[PDB]
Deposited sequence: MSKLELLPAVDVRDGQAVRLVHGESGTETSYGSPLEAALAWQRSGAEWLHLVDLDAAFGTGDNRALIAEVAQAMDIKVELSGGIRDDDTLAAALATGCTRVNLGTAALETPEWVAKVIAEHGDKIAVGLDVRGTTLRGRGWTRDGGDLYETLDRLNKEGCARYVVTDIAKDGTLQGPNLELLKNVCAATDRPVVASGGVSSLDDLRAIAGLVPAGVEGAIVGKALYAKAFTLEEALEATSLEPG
């Protein structure tokens, strides 16, 4: 299979953002869909950063989509997960919660299966979170724990792309790995697509698309 592309819409104060605002999240999502997106990666930055939420707006965006949706941002307990899942999204990403409440993450993996993917933010070989605990310990300890809890998928962010980290995570698991962040060129996407046989399934791309560095049409061509 070819590398999956997940164009992102990152939502802050009701807007698709980078500092720079790109206006309506709904319009942005529909534009990716019209340009051939198979996935939308929709992020609540306010919920992720603890400065409120965009829950109702994100629900509206998700409802408008006919393509697969991946939701992330502040999904840290039963009620926030319930709302997220009620969008009919294909899956959600849990980040901070994996670090802070490993028992809750284990529970929701058992209940929801591959509706759950776990986001791993790696500085070197240690993990980092957006909550109160800054140090999340050794990457490989957490991968082993989540592997054995039945975690269906990992989303991996370094700290263009850290191809060595991606391959190292692929070595440590038989679950699909999704690359996130550090894509700034079509050549970065080609390099990541070279890791598909190793177990990289997809790449999330935000910044470079809004900046008009490359178009989603160019991106899909490059990974075809």
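**Student:** Would you list the gaps, meaning deposited-sequence stretches without C-alpha coordinates, in the order they occur?
**Tutor:** Deposited residues absent from the model fall in 1, 20 to 27, 169 to 175, 241 to 244.
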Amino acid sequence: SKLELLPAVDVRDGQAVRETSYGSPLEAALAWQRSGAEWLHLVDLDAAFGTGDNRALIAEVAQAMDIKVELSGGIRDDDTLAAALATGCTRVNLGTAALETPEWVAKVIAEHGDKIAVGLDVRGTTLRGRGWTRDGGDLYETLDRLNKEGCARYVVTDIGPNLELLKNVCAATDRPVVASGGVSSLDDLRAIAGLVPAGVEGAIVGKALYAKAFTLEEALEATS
From here on, numbers count along this sequence of modelled residues.
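**Student:** For the C-alpha atoms alone, is the average B factor greater in 102 to 110 or in 115 to 123, going by the entry?
**Tutor:** According to the PDB entry, the answer is 115 to 123.
**Student:** Please compare 92 to 100 with 136 to 144 and name the stretch with the higher mean C-alpha B-factor in the deposited structure.
**Tutor:** Looking at the recorded C-alpha B-factors, 136 to 144 comes out higher on average.
**Student:** Tell me which of 19, 201, 10, 13 tops the list for C-alpha B factor in the record.
**Tutor:** That would be 19.
**Student:** Just the C-alpha B-factor column, please: which of 168, 184, 54, 173 has the biggest number?
**Tutor:** That would be 184.
**Student:** Ranking the modelled residues of this chain by C-alpha B-factor as given in the entry, is residue 66 in the lowest, middle or highest third?
**Tutor:** For residue 66, the deposited C-alpha B-factor lands in the highest third.
**Student:** Against its chain's modelled residues, does residue 60's Cα B factor rank lowest, middle or highest third?
**Tutor:** As the PDB entry reports it, the C-alpha B-factor of residue 60 lands in the middle third of its chain.
**Student:** Please say which third, lowest, middle or highest, residue 26 falls into when its CA temperature factor is compared across its chain.
**Tutor:** For residue 26, whose C-alpha B-factor we compare with every modelled residue in the chain, the answer is the middle third.
**Student:** Using the temperature factors of the C-alpha atoms in this entry, rank residue 164 within its chain: lowest, middle or highest third.
**Tutor:** As the PDB entry reports it, the C-alpha B-factor of residue 164 lands in the middle third of its chain.
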